[PDB]
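Contents: one structure, followed by commentary.
Numbering (the entry's author numbering), first residue to last: 3 to 62, 66 to 228.
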């Protein structure tokens with residue numbers, strides 16, 4: 003089996019948010035089977051960013070989700086070929102961020118390539134004004150659909166002074182070997198905690214940590 007108790011990752015990101023173009027790279031590692039990982043990210047082009055780095059946080066790692074209770078790991082089963090995802094995140098103040106990621110496994114290292122585009126972030130809003138303080142924990146609902154898996158979930162971005170701006174995520178996850186016979190799961194959930202550990206140089210260097218666990222709904226069913 004190709005996914006080994008400890009893994010390294012490399013990431014290239016390019017995007018544009020409200021007409022501002024930028025690139026990031028990052029390097030990290032994690033414990034795929036624990037559900038834990040750490041990324042050290044550099045804005046290498048278009049920095050410093052004139053928007054909140056937080057809107058990029060989710061676009062930096067599906068291999069590193071601890072699967073409890075035998076839920077088949079959609080993303081771990083996809084190697085060596087790997088997988089992609091495509092997401093649209095819609096903020097309640099009109100901002101819309103679309104992201105595409107390709108995940109591959111080359112020479113024992115996980116390699117991420119992301120493209121994204123953000124539009125209609127209000128000029129006066131907390132993203133464009135950099136008034137945000139990270140994400141709350143969140144739960145994503147996942148279910149088979151269209152040959153792949155779909156994810157749906159809201160997330161809450163913390164605002165300076167209290168307050169939250171909410172967005173809703175719609176994701177499609179596809180395996181790169183479609184022929185591969187998958188054990189698919191029912192409907193399930195992944196709990197995510199995405200934390201900024203450190204930053205420097207006007208968010209031009211950022212250390213991010215994520216814990217993510219896959220689980221069924223532990224409630225009794227009168228059915």
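Note that beta-carbon positions come from the ideal geometry of N, C-alpha and C, so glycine has one too.
Buried/exposed call for residue i, threshold 16 Cβ in 10 Å
i, result
"residue 5", "buried"
"residue 54", "buried"
"residue 205", "exposed"
"residue 104", "buried"
"residue 192", "exposed"
Start-to-end residues for the beta strand (DSSP E) that takes in residue i
i, result
"residue 82", "Looking at the DSSP string, residue 82 is not in any beta strand (DSSP E); the run it does join, the alpha helix (DSSP H), is 79-82."
"residue 1", "Coverage of the chain is limited to positions 3 through 228, which leaves residue 1 absent and any answer about it impossible."
"residue 193", "193-205"
"residue 109", "101-111"
"residue 12", "9-19"
"residue 44", "38-47"
"residue 173", "169-180"
"residue 133", "Element bounds for residue 133: n/a, residue is neither H nor E."
6 angstroms Cβ shell around residue i - same chain, five flanking residues per side excluded
i, result
"residue 156", "145, 147, 176"
"residue 107", "89, 118"
"residue 197", "143, 217"
"residue 123", "19, 102"
"residue 200", "214"
"residue 141", "161"
"residue 189", "149"
"residue 93", "103, 175"
"residue 212", "42, 202, 203"
Presumed contact (8 angstroms Cβ cut-off) between residue i and residue j, rounded CB distance
i, j, result
"residue 39", "residue 30", "6 angstroms"
"residue 217", "residue 76", "With a Cβ gap of about 12 angstroms, residue 217 and residue 76 do not count as contacting."
"residue 62", "residue 115", "Actually they do not touch by this definition, with Cβ atoms about 12 angstroms apart."
"residue 28", "residue 182", "Contact doesn't hold; Cβ gap of about 26 angstroms is too wide."
Close Cβ partners of residue i (< 7 angstroms) along its chain, the five nearest in sequence each way excluded
i, result
"residue 24", "17, 45, 47, 48, 49, 51"
Nearest-angstrom Cα separation, counted from residue j out to residue i
i, j, result
"residue 66", "residue 225", "31 angstroms"
"residue 139", "residue 161", "9 angstroms"
"residue 208", "residue 59", "12 angstroms"
"residue 10", "residue 41", "10 angstroms"
Neighbourhood of residue i by C-beta distance below 8 angstroms, restricted to the same chain and skipping five residues each side
i, result
"residue 80", "67, 68, 70, 88, 108, 178"
"residue 164", "131, 136, 137, 138, 170"
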